[PDB]
Structures are given as structure tokens and as C-alpha cells.
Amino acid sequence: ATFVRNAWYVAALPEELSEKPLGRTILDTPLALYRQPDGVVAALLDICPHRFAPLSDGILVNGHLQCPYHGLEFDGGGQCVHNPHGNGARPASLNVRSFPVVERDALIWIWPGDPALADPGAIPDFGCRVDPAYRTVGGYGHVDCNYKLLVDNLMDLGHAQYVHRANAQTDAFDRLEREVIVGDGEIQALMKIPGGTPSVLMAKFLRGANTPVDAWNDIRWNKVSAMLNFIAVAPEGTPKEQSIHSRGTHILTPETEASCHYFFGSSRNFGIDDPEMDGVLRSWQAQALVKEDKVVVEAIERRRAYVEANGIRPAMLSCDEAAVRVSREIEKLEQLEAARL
């Protein structure tokens, strides 16, 4: 019920779309997502103007989505291009809502609010995902929790030390150094674990290479819920700019008030042509983000009723600065909109 509608959200990964429509709900709005014959992606309200049937269950005819119930056909703009009934007239009332959609950086961005306020120049920058110098692998995940819980999770990558201990635990955690940068529509949480033994996973990034290492876990947040992290590890004490790293795509899109879509990926500049390294990253993604994080956040969502019924508020720790700031920016965006209508 409480969403920030005026903003770009990822609705799907390119590989998920085709001429066969995908039905997906974004911010409590059912959408029919498909790629037209010319390759351009279209996003229509998944509700036929005639009798509300799911257009996503239909097929393309002459490149146009055909409602499976009574045959009305629509173009990517939501305009009804064919009515096989009676005089076959096509009054404006037969047009269906179409959403602004942009395919960029191997992501399908959608604007669920006022289409007049849709500005592609405001789409977060995830260029590394299509940078030939980087190798990108990732996937999709559905989680039964409010998207904000996952934003919190990610804005404190420090949870890895426990929730993903088997892979990310470090014996230098106590020596953690952290800063928070607030910018124009952007917040960054910087983390540096100095001179520690590489973690199981960082050891894999360096290929079983132990030796005293330096690690960085930064994360950038952009308006609403799009984040890109910086996971780097380098021996002794080398520069952070000359180190091996992975820029992780971590984007959340609310489905319902208590559920969300999770788009994740890894864009690395090492072992670029190595199927095994691809396996490590995918294995990590499947185990950490899709299961371990899922377990915790889904359990937290189940306890929301109790915390709200009672007057329980969270007790912040020294690692929550970035998360609280992001959280407050989102709350402000919610309030602005609530004040628009």
C-alpha cells in the first residue's frame, strides 16, 4: 500500500522476456511484459479494458499482444489496433495503460507512476553490467518480505560476518573501518577490513591464495531501492583502485506490500574467462542472497505483526548509519507522494 511510485524500478532481466508475455506484479500493479518482433520491450497493465482478462496469458498476432478472452489486440503503446467484433470499431476506451520502459545495462527499467514524470536520465548507472572489461553473471529471486528489509540487509554488508559466516567470515572484522557519504540522490557505505586473512570466498577470488590481505565492501544506494556494491580484496596493502573486485548488482522491486522481487548480479574484472569462477559466484548467489538472507528477512516479516501490535522499535547499532539514512530518505519520498494526492 505504501510505495514510492515516481521512480524507475527494475521489472525484469532481459533474458526473462520474449514474444511470450511474462505476467509480473510491481508495486501492486499487474504487468504484461514482452519483447515485440522488432525487439523492443513493452509493458502493459495486465488487465484487458474489455473484461479484465490477463493479457499476459495471450500471444502475439502480427506483433501485437492479443487478449486470450475475446481477441482485442494492442500495440506496445497500449493502443487497441484490432477489434474483431461487430463493426470492429476501436474507441479510445479500448486502449490499455502502457508503462514507460527502458532497456539499459542489461536491465528492464519501468516507471510505475505518472508517465509524464518519466525521465530516462534519472535511471541509476549500472554500466559495469555491459562493460566488455567485466564478466557479469546473476539471476532473479522472489522473497516474501517488504523490500525495505532487504534494503536494510544490503546497506549493512556487515551482516555477512554472521549470516554468511561459512563464506564471508573474517578474523579482522573487529578492525573494520567504515564511513558514510551522503550525496545528491545517493548514499554510500564504505567498509575496509585491513590486514586480515582472506575469507573463504575472498580466498577463492584470489584462488586459494592466503597471505595477509586488505578487503573492501562498499555499497552505493540510489533513489528508492537500487544498489551496486564494491567487493575488492588485495594483498598486503595495495591501492583499492588496483585491486581485484566485483561490482554487485543488488536491486529490489516491491511486488506487494509484504513481498518483493530481487535482482542480483556480479560484475567482476578477474577470472573473466573462467566458468569455474562463474560457478563460485553463482553458488554464492544461490546460497547467500536467495537462501540465507531470505530465511532471516522472511522470518523478520513474519514478526512484523507482533512488533507493530506492540510498540517495538529497532535499537540501532554503530553499523546502521547508512541503512538508517537510506531508510529516512525513502520515508521522505513516501511522504511527498502521500501529499501529492
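The term rigid core refers to the maximal set of C-alpha atoms that superpose within 1.5 Å between the two forms. Note that residue numbering follows the sequence shown and begins at 1.
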Can you check whether 309-317 or 277-285 lies farther from the displayed model in 7 other deposited structures of this protein, averaging C-alpha distances as RMS after superposing on the core? 277-285
In 7 other deposited structures of this protein, rigid core aligned: more displaced of 214-222 and 231-239 by C-alpha RMS: 231-239
Tell me which stretch, 17-25 or 329-337, has the higher mean Cα B-factor listed in the entry. 329-337
Higher avg CA temperature factor (217-225 vs 238-246, as deposited) belongs to 238-246
Entry record, C-alpha B-factors for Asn153, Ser98, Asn210, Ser266; the maximum is at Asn210
Candidate set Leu149, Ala116, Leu72, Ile123 [ranked by C-alpha B-factor, highest]: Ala116
Among the chain's modelled residues, which third holds the C-alpha B-factor of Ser259? lowest
For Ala7, the third of its chain by CA B-factor is the lowest
In terms of the chain's CA B-factor thirds, is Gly311 lowest, middle or highest? highest
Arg303 - which third its CA temperature factor falls in, relative to the rest of the chain: lowest
Chain thirds of CA B-factor: placement of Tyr162: middle
